[PDB]
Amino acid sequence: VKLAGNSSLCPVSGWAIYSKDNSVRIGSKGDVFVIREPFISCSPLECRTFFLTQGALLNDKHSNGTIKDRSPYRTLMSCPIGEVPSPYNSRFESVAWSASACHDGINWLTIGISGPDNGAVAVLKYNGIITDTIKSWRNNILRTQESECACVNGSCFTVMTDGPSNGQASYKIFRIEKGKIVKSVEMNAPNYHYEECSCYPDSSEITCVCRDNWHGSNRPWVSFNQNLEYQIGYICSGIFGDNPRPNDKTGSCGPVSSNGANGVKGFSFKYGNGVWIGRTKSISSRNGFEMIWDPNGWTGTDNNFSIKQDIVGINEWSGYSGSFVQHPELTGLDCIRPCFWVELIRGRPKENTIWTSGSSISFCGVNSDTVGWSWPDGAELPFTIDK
C-alpha cells in the first residue's frame, strides 16, 4: 500500500547505529564488488543498500583504475542492508554511473544513468520494467542524487543536474508516478549550484540538501510540494557542512565562497530553524564524520552549537553521506523517521592502491539514549592486488 508521506519528521535527540557491512575487510578474501556511491532505501517491508559497482571485484586486477567515475561497466545493484555487496547476494537494478531509487509503497522505482558524458540517458524502471527515459538537456554529464528519492502519496520526486561542475549549471526537479515522468520544472537559481541532492519527505513536502561544487562550502537546499512549486536557499549555519570547507566561523545565507569549490555528498535534516548537520571532521579531506544539532542553523549565521555525536573519528576514512527515511507504514510510529548513511571510501586517491572502493555504516534517529564513537572501515591497505 502506497506511502502517505504526510507526517512530520520525528524530532530526534541522537543517533543509534543500524548497520555496518565491513565490505572492504571481507573483500580482501571474499567475492565483493568494488563499489562506490552507495545508499540506502527502505520499502514498507525491507531496507536495502543500493550501490554502483565498478563491474569488478576487490583484490582482482579489473579493479585497476577504478578511481574513475564513469564507464560502461558501472551498474546499480542492491542487497539487504548490512550485507557485503556481492555477485551472490545482489539484485540487479540498472546500468548506471549515477543513480537514485525509492519505493512508493507498492513498487521499487530506480533511476540509472548510462551513456556518453555529452549525451547520457536516465533509465527509469518501475518494478524492474523500464517506464521512461530522460536525455541530457545540457549535454554535459546528466547526473542525480546517488541517494534515495522521496515518495509522497504515490508520487516520487528527484532532482537532476546537467552542466559544468565548476560554474552555473542547470537543475531540474522531477515528479514521477509509476516510473512515468509526469511533470518537471527548471529551478531558476542564479549563482546556486546543486548536485547529489539528499531528499526526504516531511508533511507532504519534499526538502533536499545538496552539494555545491562551484563555490559553496555550505550546502544549498531546495524544497517543494507535489506541484513542484519550489523554494531555495543555503543552510545559514556557520558550522559548514561541505568538504572542503573553512574552519567554522560566521556563515552565510548564500554560498560561502571560501573553500567552496569541489565538495562531497551530504545531508542535513531541517526542524524549524534548527538543523541536524552531518559532516566530515576534517575540513580539507574525506576523514571523520560527526552529527551536529544547531537549533538556528537553517536560517541563523552564527556557529554556536548544542549537541555533537561522533560517528567516524578524525583519523579515519569517510566519504559520501545521505539521508534515508522510514515511513510510519514500515515503522508503525506516528511520524517519518530520519536515518542517515555514511560511505567509507578506501583506496585512491588518498591511499596507495590501484583501486577505489567503499563500505557503509548507517544510523537511525531516536529519542532514547545514544553514544558517540568511531565506526571506521577497518581494512589494512594496500591489498594483495596492489603489490
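In this text, residue numbers run from 1 along the sequence as written.
Averaged over their C-alpha atoms, the temperature factors of 122-130 and 302-310 are higher for 302-310.
For the segment pair 57-65 and 41-49, the entry gives 41-49 the higher mean B-factor, averaged over Cα atoms. For the set 319, 347, 322, 328, the maximum C-alpha B-factor listed in the entry falls on 319.
In the PDB entry, the Cα temperature factor peaks, among 335, 35, 354, 339, at 335. In the PDB entry, residue 138 places in the highest third of its chain by CA B-factor. Sort the chain's modelled residues by C-alpha temperature factor and residue 274 lands in the lowest third, per the entry.
For residue 268, the recorded CA temperature factor ranks within the lowest third of the chain's modelled residues. In this PDB entry, residue 241 carries a Cα temperature factor that places it within the middle third of its chain's modelled residues. Split the chain's modelled residues into thirds by C-alpha temperature factor. Residue 369 is in the highest one.
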